[PDB]
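Enquirer: build me a structure from this.
(chains A, B, C and D, ligands or ions: 8)
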Amino acid sequence: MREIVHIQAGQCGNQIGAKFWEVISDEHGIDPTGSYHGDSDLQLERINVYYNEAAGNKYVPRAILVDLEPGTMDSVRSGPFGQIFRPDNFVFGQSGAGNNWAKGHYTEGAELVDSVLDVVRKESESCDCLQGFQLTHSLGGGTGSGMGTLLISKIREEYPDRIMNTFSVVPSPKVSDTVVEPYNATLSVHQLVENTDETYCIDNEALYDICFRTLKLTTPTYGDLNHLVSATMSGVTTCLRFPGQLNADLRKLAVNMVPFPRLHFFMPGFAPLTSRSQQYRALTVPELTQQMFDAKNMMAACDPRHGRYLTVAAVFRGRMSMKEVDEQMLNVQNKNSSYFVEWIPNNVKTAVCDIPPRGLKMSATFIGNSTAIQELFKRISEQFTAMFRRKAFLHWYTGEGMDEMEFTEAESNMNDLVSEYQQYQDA
Amino acid sequence: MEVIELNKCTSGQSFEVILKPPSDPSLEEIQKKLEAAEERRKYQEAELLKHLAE
Amino acid sequence: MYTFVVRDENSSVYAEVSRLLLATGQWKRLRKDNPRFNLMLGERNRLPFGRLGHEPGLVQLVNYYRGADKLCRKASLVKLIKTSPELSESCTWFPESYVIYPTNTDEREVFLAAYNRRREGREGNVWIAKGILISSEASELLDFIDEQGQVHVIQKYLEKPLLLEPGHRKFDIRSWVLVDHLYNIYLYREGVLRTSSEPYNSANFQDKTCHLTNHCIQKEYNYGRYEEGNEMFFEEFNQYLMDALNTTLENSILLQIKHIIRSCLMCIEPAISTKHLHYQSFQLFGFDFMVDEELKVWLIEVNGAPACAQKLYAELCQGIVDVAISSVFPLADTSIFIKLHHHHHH
Amino acid sequence: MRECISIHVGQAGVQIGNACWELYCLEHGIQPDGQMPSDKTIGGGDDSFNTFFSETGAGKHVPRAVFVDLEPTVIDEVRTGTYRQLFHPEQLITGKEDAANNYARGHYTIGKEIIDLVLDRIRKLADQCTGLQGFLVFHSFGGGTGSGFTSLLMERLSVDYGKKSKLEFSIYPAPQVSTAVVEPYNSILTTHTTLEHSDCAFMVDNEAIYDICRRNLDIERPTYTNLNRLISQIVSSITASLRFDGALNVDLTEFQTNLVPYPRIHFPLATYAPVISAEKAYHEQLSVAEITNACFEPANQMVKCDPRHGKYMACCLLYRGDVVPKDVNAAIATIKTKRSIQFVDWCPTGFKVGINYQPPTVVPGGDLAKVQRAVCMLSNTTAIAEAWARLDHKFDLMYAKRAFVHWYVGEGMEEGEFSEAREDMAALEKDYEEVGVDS
Ligand SMILES: CC[C@H](C)[C@@H]([C@@H](CC(=O)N1CCC[C@H]1[C@H](OC)[C@@H](C)C(=O)N[C@H](C)[C@@H](O)c1ccccc1)OC)N(C)C(=O)[C@@H](NC(=O)[C@@H](NC)C(C)C)C(C)C
Ligand SMILES: Nc1nc2c(ncn2[C@@H]2O[C@H](COP(=O)(O)OP(=O)(O)OP(=O)(O)O)[C@@H](O)[C@H]2O)c(=O)[nH]1
Ligand SMILES: Nc1ncnc2c1ncn2[C@@H]1O[C@H](COP(=O)(O)OP(=O)(O)CP(=O)(O)O)[C@@H](O)[C@H]1O
Ligand SMILES: Nc1nc2c(ncn2[C@@H]2O[C@H](COP(=O)(O)OP(=O)(O)O)[C@@H](O)[C@H]2O)c(=O)[nH]1
Ligand SMILES: [Ca+2]
Ligand SMILES: [Ca+2]
Ligand SMILES: [Mg+2]
Ligand SMILES: [Mg+2]
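Expert: Residues are numbered from 1 along each chain as shown, chains lettered A, B, ... in the order given. Ligands and ions are numbered 1, 2, ... in the order given. Structure as follows:
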């Protein structure tokens, strides 16, 4: 009844997107049928944020599934939770995007985008008071990247006073060997800087390293990477889905998290880190607090000690002492005060939700707007320039109508972003 | 020191004790207020829509 | 880790406390405007006491007592003594004194009431102003007060001071007093006589290298003749009092000093104590004393931000840490002060 | 008899209102359905309690209240809570989406689409009043609605009810429970725009109340419910003289007269005693001297500050319970000799005392113990400006970098409205310093 519209785009976007629906549907007591079989009414009080009700007391994700090839969507459909999704919200083409941002944004994607907007519009029109949109996608491929950014631009045209939120998956050569990813991602970041209000930087570099170094998985799969993504996504959406004081809608989060409109790229973090394998000792509140702020628990590969936190939100789940939570939270700030900008007083805000995630007695999710996120953008930028200075691989893009100029503006805008962060790390 | 104004009733009582003596915007201006803000929002939204059209 | 900030760069004493704290490796200094501190060593003017004790999770302590200026400004001090019944007009350890304004409240009239019973007892009638001048002649000072612009004090000048021999010299005593957060009053066992180097001349009041005993006003005019820096310490002065006068420092002067210090600070305790407050205060004071030839002690002035004497920085600054600070913020894992307390029953 | 309309704005305003009306009903022995067995004039009256309740032929006592929130959640808890029948649906007004912790969204953007509706609902209550005195307005400084809508509402009540008194109960922001990092911005903005429109404002700092709850009720982590029950006892205390027979502060005009000689300096400090845990097994009941003396302990104040280091301009003591004048005067005599209490030169040093013999009522199952006698001091001391200083400093820190400003400009407000509101506060902190210090 403050409604969110979810869209998932491309391979990655739909993979993490389906995972998201599996996990929260379980947290809200909804089964693949769409039938509620839970034992508490916290589960239902705010269900209409993410689900429409249907006849037979049926709950149906407010979810649009977009791709330019079918592969992944067929997989969603005949998977476990596939029956839960509204069939006419599956919107797909046949040709695919060949990891090519230009195909996704300008050629192949344009052919399909109006159909997606028809479905978005139908879902918007039956919302008591729509708050905005959330999108899941990668930035290194073509559909999620180029088409997903194209959609963002068009949604903002029709709904310019609604909030736009992305879970954007940032590429890393530790996970993909596709050579043009830095292109597709620099081009996407340009879009996100201008047209989203909140972006969760979910860095495939960090997810891989957490899987290998910490979880001792010698051969990480996308399944292992995604388990981390779904846990983070459950965590960062908890204040929107359950009854609560703080960051209970997208706009309020935005207001608390974004001091400057361009600096809306968040480092998420999760504790305790787990692989898909039972965790038998519950964490103490001090442990959650120390872990959630640990660099090794960050889903964006940045060293938080290399920058300064503009704003933080922390979300603690499970039955625990609020007193201990406040003491520990306060203790992180007072022991490391120098990493928290002094010109934004009381910049850390903390929420506690009694329902834990499945699997855990206790958990914490960290959302940080820190200036160290530049390291991520510099990395993408270094990879971009290495190719761009020899105009390499550009024919794949100019062949779809693009000019070099457009690459140059994008590189520039992301380098401006980086230096604005630097600006505030030294203030 | 000096008690005064002693008032008593069924509910209670009151008095004073003294230790020491001494030694607007119009309806119009508002409706305007609101309307200039809204015009500025409209301009900002229009500029964005102009930009998105480009 | 405890934390602290520094907001008075020119403080001789607190410079030294910054060093000693860091060197514990259990205290971390922050930028002066970072509010997430356990301890502030504050500025001297408009210290923002209203922003203290509103940081959850932080016991906060400051090195000044709000309200203390009332003891430490000459106009206020004089005022405080006449008005407070615990001190009163009686008060036998403070020179008769009056608050006088320029004419650009005032008790100029009531000053003369006494000036012309010393001209109508023809006895000693020398006074002193608050840039400072002594005179026998009232209107040569009043015409000096209005010609300077600030509110000033007129005080009876003590014509019969104790005089150190060899030298026929004059001195004041400075005692360093520390009041902690519990309002324990701690007298540092080392005081110092800030001496003159030039024989006291009672017939001539302009040549003021002999009437004013200030560490600066001596230097910048026989500095160093009888002892370093015109500073006699207590072992020697005690020794001299024994030799020359057959008495002790403790008995002749120091009981009086302890008495004056307690009386001063117990007077204002209710206006400045932090015992139930949301931040706690401590503070170092420097009390300045005069002794007459009769071995009678007189309070000159109280200093809100005193400097120590070079020899004694190391020990005093350590004591401040031990009692004023580590009392509030303990560590893991011989006392240089004497505690002023006295509970007589009547 | 002259009627008073209570207006509760935003989550904090509303939840505090709930708590107050719950207490008022118990105090006046009015039941959840609105029936009052002790009232014998059925369908009417001009008793003192009727200043705050209207009556129906069915025998129903209904608050002279209007609740307004820009989202519905919180007002829906009233609509279906235990006092649902007390209120006429038309007194509970809600929007679809809230002001998102933004003064401008609440003032300019959403305020415009709802102001007229509320004014009309307030007009419906005013029309049942033979002699309306004016309004009590309850809101937070830090919420978007509480700050932004309220100031708009206050500018309009000045226009449509010019001769009428306006009092505030204002929640001043505290990080231990605040929900937004821009609360300092909102607090200053609403204070600026609201200042000329409010005759007397009682600020409560959530910090103060939170700690009273920790320290005196042994509550490990205070909730709004804990906080509000406490706040509501202070409020009831302040308003008792308007709902009960007496001769002190019998009308809204009198608070201004007794507590506010300099109009802009209209922020009296409340101090309340005794606050005693209901779980406490053995409690020695506290004397008149003891609870009066507690009125001068910063730990018992609604705002932490130190009244020793400013001056007084007025001081009322409001007692409930077994208290007689003679005991009050002895208490005050002793206290004057012990404590630092300096009035300004142009004001008598003295107290106005109000005694209601009925001891404080408490919510059954609440945290507060029943007590034999209690007191609330209202003192207009320049020391409360410490709170202004704190708020202003935080505002300066953020605004120097324009942090978050774009959210406000985004809603139609102009960057200049920030610096103009800060100038007003700058001058406010100056008025307080003139009045309260010498050298
Ligand atoms: C780190 C790079 C990705 C993550 C891994 C992973 C791919 C994966 O997980 N794949 C390839 C689609 C199928 C999926 C897994 O099979 C292994 C299934 C069980 C799974 O995790 N399925 C999940 C539950 C499913 O939801 C899913 C998710 C995404 C896509 C499809 C299906 O295989 C180990 N890959 C390419 C590799 O490890 C490869 N190695 C390389 O690319 C190296 N460079 C040569 C890497 C380290 C940069 C191959 C030699 C195998
Ligand atoms: N004492 C008290 N403080 C509250 C309560 N609710 C919110 N607050 C405080 O008020 C401020 C939050 O403002 P709210 O009143 O929630 O804001 P709102 O008026 O609902 O405005 P929007 O939600 O922005 O539309 C913070 O300082 C909260 O701690 C309450 O019930 N009691
Ligand atoms: N009533 C008095 N009788 C005799 N000598 C006096 C006196 N008042 C002041 N003096 C002399 O003047 C000297 C300095 O005066 P005073 O102490 O008032 O000024 P000051 O504040 O600049 C230095 P400090 O802050 O260290 O005390 C004293 O050491 C003392 O010898
Ligand atoms: N974390 C995660 N990353 C993925 C997944 N699938 C693809 N990626 C990454 O996403 C990028 C390729 O984008 P993809 O979504 O496959 O292309 P699209 O279908 O054209 O949007 C590369 O950086 C891949 O490593 C996934 O399931 N999980
Ligand atoms: Ca085609
Ligand atoms: Ca009646
Ligand atoms: Mg692919
Ligand atoms: Mg609200």
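Enquirer: domain map for the chain?
Expert: All of this is about chain A. A:1-259, A:260-372, A:373-427 (curated CATH domains).
Enquirer: not what I meant, chain D
Expert: Here the domain parsing of chain D from curated CATH domains is D:1-268, D:269-383, D:384-439.
Enquirer: what do you get for chain C?
Expert: C:1-63, C:64-95+C:160-346, C:96-159.
Enquirer: and the residue of chain C closest to chain A?
Expert: residue C:57 (3.5 Å; CB to the nearest CB). The way it works is simple: take the backbone N, C-alpha and C, and place the C-beta from them, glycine included.
Enquirer: confirm that residue sits in a strand?
Expert: No. Remark: residue C:57 does not belong to a strand; assigned using DSSP: H, G, I helix; E, B strand; the rest coil, it is coil.
Enquirer: what's the closest residue to residue A:3 other than its chain neighbours sitting at in phi/psi?
Expert: Nearest non-adjacent residue to residue A:3, counting by CB to CB, 6 or more residues apart in numbering or on different chains: residue A:127, 4.0 Å away. Reported as degrees, to the nearest 10, the phi and psi values for residue A:127 are phi -110, psi 120.
Enquirer: same question for residue A:293.
Expert: Per degrees, to the nearest 10, the backbone of residue A:293 is at phi -100, psi -10.
Enquirer: swap in residue C:171?
Expert: Here is the backbone geometry of residue C:171 (degrees, to the nearest 10): phi -160, psi 160.
Enquirer: quickly list what it is bridged to.
Expert: Beta bridges link residue C:171 to residue C:195 when assigned by DSSP bridges.
Enquirer: how much space between it and residue C:283?
Expert: According to CB to CB, to the nearest Å, residue C:171 and residue C:283 sit 26 Å apart.
Enquirer: picking that back up, leaving out chain neighbours, which residue sits closest to the residue of chain C closest to chain A?
Expert: What sits nearest to residue C:57 in space, not counting adjacent residues and going by CB to CB, 6+ apart, is residue A:330, at 3.5 Å.
Enquirer: pull the number of nearby residues for the residue of the stretch 301-439 of chain D found nearest chain B.
Expert: Residue of the stretch 301-439 of chain D nearest chain B, by CB to the nearest CB: residue D:412 (3.1 Å). Counted with other CB atoms under 10 Å in any protein chain shown, residues neighbouring residue D:412 total 23.
Enquirer: again with residue C:91
Expert: Neighbours of residue C:91 (other CB under 10 Å): 16.
Enquirer: dump the domains of chain A to a markdown table, plus distance to residue D:165 and mean neighbour count.
Expert: Putting these into a markdown table (distance: least, CB to CB, whole Å; neighbours: other CB atoms under 10 Å in any protein chain shown) gives the following:
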| stretch | distance to residue D:165 | mean neighbour count |
| --- | --- | --- |
| domain A:1-259 | 34 | 21 |
| domain A:260-372 | 35 | 20 |
| domain A:373-427 | 46 | 16 |
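Enquirer: what's residue D:85 sitting at in phi/psi?
Expert: Per-residue torsions, residue D:85: phi -80, psi -20 (degrees, to the nearest 10).
Enquirer: residue contacts, residue D:15?
Expert: D:74, D:224, D:228 (CB atoms under 8 Å, 6 or more residues apart in numbering or on different chains).
Enquirer: hey, where'd the strands end up in the stretch 251-400 of chain A?
Expert: A:265-271, A:309-318, A:348-353, A:362-370 (DSSP state E, counting those that start in this stretch).
Enquirer: helix/strand/coil for residue D:90?
Expert: Three-state call for residue D:90 (three-state DSSP): helix.
Enquirer: ok, it touching residue D:124?
Expert: Yes. Applying CB atoms under 8 Å, one finds residue D:90 in contact with residue D:124, separated by 6.6 Å.
Enquirer: out of the contacts of residue D:15, which one sits closest to residue A:424?
Expert: Proximity to residue A:424 was ranked across these by CB to CB; first place goes to residue D:224, at 34.2 Å.
Enquirer: which of the helices or strands spans the closest residue in space to that closest one that isn't next to it in sequence?
Expert: Spatial nearest neighbour of residue D:224, excluding adjacent residues (CB to CB, 6+ apart): residue D:15 at 5.8 Å. Taking DSSP states H and E as the criterion, residue D:15 maps to helix D:10-27.
Enquirer: give me the residue from the stretch 301-439 of chain D nearest chain C.
Expert: Residue nearest to chain C within the stretch 301-439 of chain D: residue D:386 (3.4 Å; CB to the nearest CB).
Enquirer: then the stretch 51-200 of chain A?
Expert: Minimum separation of the stretch 51-200 of chain A from chain C (CB to the nearest CB) falls at residue A:198, amounting to 27.3 Å.
Enquirer: now do chain A
Expert: For chain A, CB to the nearest CB, closest residue to chain C: residue A:330, 3.5 Å.
Enquirer: that residue contacts residue A:346, doesn't it?
Expert: No. Using CB under 8 Å, residue A:330 makes no contact with residue A:346, being 10.7 Å away.
Enquirer: from residue C:262, how far out is the nearest residue to residue C:183 once chain neighbours are set aside?
Expert: Leaving aside its chain neighbours, residue C:183 sits nearest to residue C:273 (5.4 Å; criterion: CB to CB, 6+ apart). Applying CB to CB, the value for residue C:273 to residue C:262 is 15 Å.
Enquirer: ok, now residue A:256?
Expert: Taken as CB to CB, the span from residue A:256 to residue C:262 is 54 Å.
Enquirer: quick one: the helices in the stretch 151-300 of chain D, in order.
Expert: Per DSSP state H, counting those that start in this stretch, the stretch 151-300 of chain D carries helices over the ranges D:183-194, D:206-217, D:224-243, D:252-259, D:288-293.
Enquirer: put the alpha carbons of the last one into CSV.
Expert: Translated: helix D:288-293. Extracted as CSV, the C-alpha positions of helix D:288-293 are listed here (Å, rounded to 0.1, in the frame of the first residue of the first chain):
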residue,chain,number,x,y,z
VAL,D,288,7.1,18.4,49.4
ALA,D,289,10.6,19.7,50.2
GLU,D,290,12.2,16.7,48.4
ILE,D,291,10.1,16.9,45.2
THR,D,292,10.3,20.7,45.1
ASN,D,293,14.1,20.5,45.4
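Enquirer: now it: buried residues?
Expert: Neighbour-count burial for helix D:288-293, counted by 16 or more other CB atoms under 10 Å in any protein chain shown, picks out D:288-289, D:291-293.
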